[PDB]
Amino acid sequence: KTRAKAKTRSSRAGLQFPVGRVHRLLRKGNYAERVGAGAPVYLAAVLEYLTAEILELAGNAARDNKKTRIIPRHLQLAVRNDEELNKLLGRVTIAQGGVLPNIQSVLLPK
Amino acid sequence: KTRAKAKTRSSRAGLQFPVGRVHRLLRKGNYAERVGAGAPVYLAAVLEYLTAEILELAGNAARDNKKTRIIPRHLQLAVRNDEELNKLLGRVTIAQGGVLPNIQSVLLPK
Amino acid sequence: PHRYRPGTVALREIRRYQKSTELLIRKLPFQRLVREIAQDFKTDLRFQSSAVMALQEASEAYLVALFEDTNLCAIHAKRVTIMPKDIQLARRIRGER
Amino acid sequence: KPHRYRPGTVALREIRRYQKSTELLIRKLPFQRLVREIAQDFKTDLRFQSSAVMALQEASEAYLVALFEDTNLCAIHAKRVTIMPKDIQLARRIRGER
Amino acid sequence: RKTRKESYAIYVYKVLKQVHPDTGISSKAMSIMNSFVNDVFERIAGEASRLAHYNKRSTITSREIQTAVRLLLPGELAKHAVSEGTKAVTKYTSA
Amino acid sequence: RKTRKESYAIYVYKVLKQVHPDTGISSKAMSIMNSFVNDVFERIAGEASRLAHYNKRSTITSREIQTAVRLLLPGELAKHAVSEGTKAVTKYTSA
Amino acid sequence: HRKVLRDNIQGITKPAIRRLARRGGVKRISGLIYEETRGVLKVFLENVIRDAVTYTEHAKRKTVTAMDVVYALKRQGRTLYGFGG
Amino acid sequence: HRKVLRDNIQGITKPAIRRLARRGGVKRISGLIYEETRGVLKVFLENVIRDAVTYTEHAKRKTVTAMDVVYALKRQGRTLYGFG
DNA sequence: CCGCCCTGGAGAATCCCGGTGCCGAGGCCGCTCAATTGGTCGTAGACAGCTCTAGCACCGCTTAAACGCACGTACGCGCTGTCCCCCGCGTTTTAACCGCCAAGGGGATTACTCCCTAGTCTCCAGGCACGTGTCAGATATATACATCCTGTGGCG
DNA sequence: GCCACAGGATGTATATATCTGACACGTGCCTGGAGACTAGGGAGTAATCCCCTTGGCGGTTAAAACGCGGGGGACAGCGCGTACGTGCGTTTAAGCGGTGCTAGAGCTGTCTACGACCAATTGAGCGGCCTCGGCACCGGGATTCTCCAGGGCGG
């Protein structure tokens, strides 16, 4: 049938994250009785920004490690070397991400 | 429309806490789409048991303090003296409750 | 002269303040501190007396717990004196710093 | 003359090696046996997913490494380089576990 | 004449009377008790919501509440709470 | 044929292509990223629901999400996330 | 009356910090403890008041309430009993 | 198929605890550290496994899944990334 | 004067590069389900008017507490030394791991069906709000009780 | 050159009286919980497919156990000099009480737009399957870290 062209709300808002999927996950998650029109757009934008920031830092870490693929070690290095990312993910353990190289000054051999 | 005499569900289940009020709070808290019939009864019974336990300990503390009225100091004494209540309320500050009287052994004189 | 030894009055104060239940910080100075801090967040703010008292109770409980942990660290280092390094170690282990 | 490294250089080398690496430091079969023995007390005839046991092992190792960092901080605070059961006890007590 | 603010004041007073027949409770202690009851209600109901979401259910049942109680309350508190909840539920279903 | 499951894998890959055109992602790292997206979604949605309930509202709006972001994310992360969200909502409303 | 307050952290006097340490069980206090305690208290208050003011601003109110303070503390995982419900 | 395991806490050997301490950044280790570490690990695993088995029993399943462990850790406030 | 101190190779571990190879990241395709279009409706929310509680501001006073300074004693910190416990390493024993195989218990799905919960209307009674009058509690005070600190008796 | 404590000196639990204010009780009233009913879909149940978990078996070798030497450091002892606790005289501003003002919290009544809902379309991404190179590994070589056996001039 002849209706308007199906333009996704992600493209309408200029995002790469699924506005419709975020809207469904907010509606079906039993968070409130109603979900606004701008709430999925705002939440998708925030999720996209955070994902972009962590991916940028992880790609920089992978490049510094002479590799072209992001691995859990690279994600851990990015998160624990960015101060605000470490603040946001302080109580989060990344699988097979290891720990940062941090040997105490007193333990250093002098 | 004189129907049958009403019976409170607290009296039907042998409880003091309000089963109907607990049911309404469960239904209006966005906790789930549907709420079972026995869920308010169980939750109200658990709340009444916890209230009775903490009130019994606080009344014992008040009696030991030679007073006939429970105050926040007595509530704090009861909670921090009962190991399980302390573990349940470990991330809780009781207003105007003070602290448990303890002095370290190395800080004691000799 | 009846000067007490250095620590008997301290122990007496410990017992007194652990027995009591009041607020150890002066209400007007603490309220002014809260208002000064809140100036930087939103100008022309009004605080309920209940709100100021809630902040004071929370702050005093936090500081008392931190001083308990600080005393634990100082005794671990085999000292009866608490030190800023004791405070820093307690906060670092708790995850605040 | 036989060669012998001084006490501390090999330990530092191990510290660097294990901080740079990211693999599990506990044998999988013994850890799985311990997990199953512990879970026996809670529900008999239990089965486990391999991913479940791996999650338990990774979480436990992360917890133990964090606890050892805090223990090292306590030992340094006490003017020592050796970690001790009292250091572990203080770390847990400050963190709220004891 | 203003909006009524509900509280568990009378229920906590009844429980106190049935436990200690000759004991009172000050206004501050009553407020702390109301906050404690609301806090435990929130804990248990949030845990029950998480359980219902995890099991892809859309209902909070006595089983969900009991599992939430076991998860939250430590040890003997969980055992006694489960026993009392079961007793109350059976006494309700009998009537 | 079994039930199909949803994930943010393709969206995270598209964002990675936008940011670093010559970088790839392993399966485990993609799973960790999906868990991270889910955790941030859960935190923000929970905080916004708390705000809606504590203001006696019944709608999750862009204002609720903005307040939740400002409460959860620290400092510059929160400031930049607020800017990105406001820009996205303005574009969505203009379109 | 438009007035500005400044440097009230010195309003938390040395005797007040001493009393807090005494309630904490501390028998002897170093002289540098007081400024460290003032800094810690200021950081804690800033963190709590930021969230309380955020809640108030969201509520389109100009009055910070005890319930807003309680919500901020609960956000920090420091549940406070006795200031509402 | 009834098998009862016992004294498996010794499977966490001294060199394994040394590797964990090295990863943590520890130079020297006292002799009594290993028993203390085994006890700490045992109590941690007991708590996490108890919560996981509670979730499993509520689900009416018989095998402890990875999501059960993840939810147990989340109940403990120890979010683990990479298992769903 | 003598231990104490300053140094370049030897051995081992780390780094560095090149060839091999694989399996896991990555593109691509039909296809079903979830997102998108488009009217409806009734309610959540926006807003203007209004009431009065409650927060802010100020004056005076009364004094409790904060401030400041002298003194000295207990304490943090540094130095030496003893020995003992942990580290480094070589050798032997152990079982973790890897590969493959089998089978069966249990996860996950799919109809279906009925009973359990949402939703409504009504009623009445349990519970909130509001007076109020007294009894538990704070306080002022004289205790006698409980606890700390130094000289005086005492000698080897 | 120390050991016990008697008694002074001071903090403090006890008993008595005297307000006093808020806590518990009663009572009118109102809105929300219970009774009774209908409607529909959520979950219980039963049968089935298959997958992945456990158990077994064998070979390899990586790791753990174990013993031994020795030296790094933990801990005790001792000393000393700064620094914090104790206490008393000054001061200041906190608490309280009282009055005044008004700003904003709370409520109420209309009214609007907006989001849930539902019918219908369609394309987006999950699943599954080829396909190639990024990274682990083995082989080989250069560099570097660390430690020990010679040269040296010091108050």
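Residues numbered from 1 in each chain as written, not as in the entry; some residues may be left out. Chains lettered and ligands numbered in written order. Heavy atoms only, no water.

Structure determination for this PDB entry was carried out by cryo-EM, with a resolution of 3.3 Å recorded in the header.

Asker: Kindly report on the protein's contact with DNA strand I, identifying the contributing residues and their values.
Answerer: Taken together, the neighbourhood of DNA strand I is formed by 88 residues, with B:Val35, G:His1, H:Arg18, H:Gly31 and H:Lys62 sitting nearest. Taking all atoms of DNA strand I within 4 Å of the protein, the share assigned to sugar and phosphate is 97%. The contact in question runs from a phosphate oxygen of DNA strand I to an N or O atom on the side chain of B:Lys67, over 3.3 Å. Counted by class, the surface near DNA strand I contains 21 nonpolar, 23 polar and 44 charged residues. (Near = heavy atom within 4 Å. Polar contact = N/O pair within 3.5 Å; in protein donor to acceptor, adjacent residues only side chain to side chain. Nonpolar A, V, L, I, M, F, W, Y, C, P; charged D, E, K, R; others polar.)

Asker: How would you summarise a positive patch on the surface if you had to cite specific residues and measurements?
Answerer: A contiguous patch of positive charge, built from F:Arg57, F:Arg63, F:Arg70, F:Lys79, G:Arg50 and G:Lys60, is present on the exposed surface. Secondary-structure assignment places G:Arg50 in helix α2 (residues 33–58). (Patch = residues over 30% accessible without salt bridge, like charges linked within 9 Å, V, L, I, M, F, W, Y side chains within 5 Å. Areas by Shrake-Rupley, 256 points an atom, 1.4 Å probe, with all protein chains shown as cover. Salt bridge = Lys/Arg side-chain N within 4 Å of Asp/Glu carboxyl O. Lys, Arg positive; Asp, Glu negative; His and termini not counted. Charge placed at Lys NZ, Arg CZ, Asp CG, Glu CD. Helix = DSSP H or I, 4+ residues; strand = E, 2+ residues; numbered from the N terminus.)

Asker: Outline the packing of aromatic side chains, supporting the account with residue identities and numerical values.
Answerer: For the structure on display, the rule yields 16 aromatic pairs over all chains. One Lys or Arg, A:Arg21, reaches over the ring of F:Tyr8 and ends 5.9 Å from the middle of that ring. One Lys or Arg, C:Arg12, reaches over the ring of C:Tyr4 and ends 4.6 Å from the middle of that ring. (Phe/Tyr/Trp six-rings, centres within 6.5 Å; stacked < 30°, edge-to-face > 60°. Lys NZ or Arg CZ within 6 Å of the ring centre and 35° of its normal.)

Asker: Now, about the interface of chain A and chain F: what can you tell me, with residues and values included?
Answerer: Counting residues at the interface gives 53 residues for chain A, matched by 55 residues for chain F. Counting the surface lost from both chain A and chain F, the interface buries some 5,000 Å², and carbon and sulfur atoms represent 73% of this. Among the residues chain A hides against chain F, the three largest losses belong to A:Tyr31, A:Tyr42 and A:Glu84. Together they make up 16% of the total. Summed over the shared surface of chain A and chain F, the number is one salt bridge. Taking the shortest distance from any N to any O, the salt bridge between A:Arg24 and F:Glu6 comes out at 2.4 Å. Across the chain A-chain F interface, the total number found is 15 residue pairs in polar contact. Within the residue set of the side of chain A that touches chain F, elements represented by two or more residues are α1 (9–12), α2 (19–28), β1 (34–35), α3 (38–64), β2 (69–70), α4 (72–81), α5 (83–88) and β3 (92–94) of chain A. Residues that form the side of chain A that touches chain F fall into these classes: 33 nonpolar, eight polar and twelve charged. Direction of pairing for β2(A) relative to strand β1 (residues 24–25) of chain F: parallel, over a ladder of two bridges. Residue pairing for β1(F): A:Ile70 is matched across the bridge by F:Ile25. (Contact = heavy atoms within 4.5 Å. Buried area = accessible area lost by both parts, 1.4 Å probe. Pairing = 2+ DSSP bridges.)

Asker: Explain the pattern of salt bridges residue by residue, including any values.
Answerer: Opposite charge on two side chains permits pairing when their charged atoms draw close. All told, the structure shown has 26 salt bridges over all chains when counted by the stated rule. Among the ionic pairs, D:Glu97 bridges to D:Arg95, the shortest N-O distance being 3.0 Å. A salt bridge links G:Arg61 to G:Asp68; the nearest nitrogen and oxygen atoms lie 2.5 Å apart. According to the relative accessible area criterion, G:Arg61 is partly exposed, its value standing at 26%. By sharing partners, the salt bridges in this structure join D:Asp70, D:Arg92, D:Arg95, D:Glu97 and H:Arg78 into a single network. (Buried < 20%, exposed > 50% of the residue type's maximum accessible area, 1.4 Å probe, protein only.)

Asker: Go over the protein's contact with DNA strand J with me, naming the residues and quoting the values.
Answerer: Every one of the 81 residues lining DNA strand J counts as a neighbour, but B:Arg3, B:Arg12, C:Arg32, G:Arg18 and G:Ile29 are closest to it. Of everything in DNA strand J that lies within 4 Å of the protein, sugar and phosphate atoms constitute 94%. One of the backbone nitrogen or oxygen atoms of D:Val81 is found 3.1 Å away from a phosphate oxygen of DNA strand J. G:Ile29 places a main-chain nitrogen or oxygen 2.5 Å from a phosphate oxygen of DNA strand J. Residues of the surface near DNA strand J, tallied by class, amount to 21 nonpolar, 20 polar and 40 charged.

Asker: Explain the interface of chain H and chain D residue by residue, including any values.
Answerer: Every contact between the two is made by 50 residues of chain H and, on the other side, 53 residues of chain D. For the chain H and chain D pair, buried surface summed over both sides reaches about 5,000 Å², with 71% attributable to carbon and sulfur atoms. Sorting the residues of chain H by area buried against chain D places H:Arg19, H:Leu20 and H:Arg23 first, and these three jointly supply 15% of that buried surface. Remark: the boundary between chain H and chain D carries three salt bridges. Among the salt bridges present, the one from D:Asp45 reaches H:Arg2, with a minimum N-O distance of 2.9 Å. Our enumeration of links across chain H and chain D arrives at 16 residue pairs in polar contact. Secondary-structure elements contributing two or more residues to the side of chain H that touches chain D are α1 (14–24), β1 (28–29), α2 (33–58), β2 (63–64) and α3 (66–75) of chain H. Residue contributions to the side of chain H that touches chain D peak at 15 residues, all from α2(H). In terms of residue class, the side of chain H that touches chain D is built from 26 nonpolar, eight polar and 16 charged. Bridge count for strand β2 (residues 82–83) of chain D against β1(H) is two bridges, and the pairing is parallel.

Asker: Would you mind going over the arrangement of the chains in detail, with residue names and values included?
Answerer: You won't find any contact between chain C and chain F; their C-alpha atoms come no closer than 13 Å. Left apart from each other, chain D and chain G have a closest C-alpha approach of 13 Å.

Asker: If you had to explain the packing of helix α3 (residues 49–76) of chain C against α2(G) to someone new, which residues and values would you point to?
Answerer: Relative to each other, α3(C) and α2(G) sit at 135 degrees, their axes nearing to 11 Å. Judged by the inter-axis angle, α3(C) sits oblique to α2(G). For the crossing formed where α3(C) meets α2(G), the hand is right-handed. Across the interface between the two elements, C:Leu55, C:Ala58, C:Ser59, C:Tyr62, C:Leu63, C:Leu66 and C:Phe67 from α3(C) touch G:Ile33, G:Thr37, G:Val40, G:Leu41, G:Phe44, G:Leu45, G:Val48 and G:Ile49 from α2(G). Broken down by class, the residue content of the contact of α3(C) with α2(G) amounts to 13 nonpolar, two polar and no charged. (Axes fitted to C-alpha atoms, helices over the stretch in contact; angles between N-to-C directions. Parallel < 35°, antiparallel > 145°, perpendicular 65-115°, else oblique. Left-handed = near helix turned anticlockwise from the far one by under 90°.)

Asker: Go over the packing of helix α2 (residues 27–54) of chain E against helix α3 (residues 62–72) of chain E with me, naming the residues and quoting the values.
Answerer: Residue and element names in this part refer to chain E. In contact at an axis separation of 8 Å, α2 and α3 are set at 120 degrees when each is read in the N-to-C sense. The crossing of α2 and α3 is right-handed. Residues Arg43, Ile44, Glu47, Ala48, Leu51 and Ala52 of α2 form the contact with α3, whose participating residues are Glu64, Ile65, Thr67, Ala68, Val69, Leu71 and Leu72. Here the contact of α2 with α3 is composed, by residue class, of nine nonpolar, one polar and three charged.

Asker: For unusual backbone geometry, give the residues involved together with the corresponding values.
Answerer: A positive phi angle, near 55 degrees, is found at B:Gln96, a position not held by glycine. Classification of B:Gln96 by relative accessible area gives partly exposed; the value is 29%. The phi angle at D:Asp45 is positive, at roughly 55 degrees, despite the residue not being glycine. Of note, D:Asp45 is situated in the loop between α2 (28–40) and β1 (47–48). Look at D:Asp45 and you get partly exposed, because its relative accessible area is 46%.

Asker: So what's going on with the state of the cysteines? Residues and values would help.
Answerer: Within the structure shown, the criterion is met by zero disulfides over all chains. D:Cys74 provides the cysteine sulfur closest to C:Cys73, a residue in no disulfide bond, and the two sulfurs are 6.4 Å apart. A relative accessible area of 0% means that D:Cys74 is categorised as buried. (Disulfide = S-S within 2.5 Å.)

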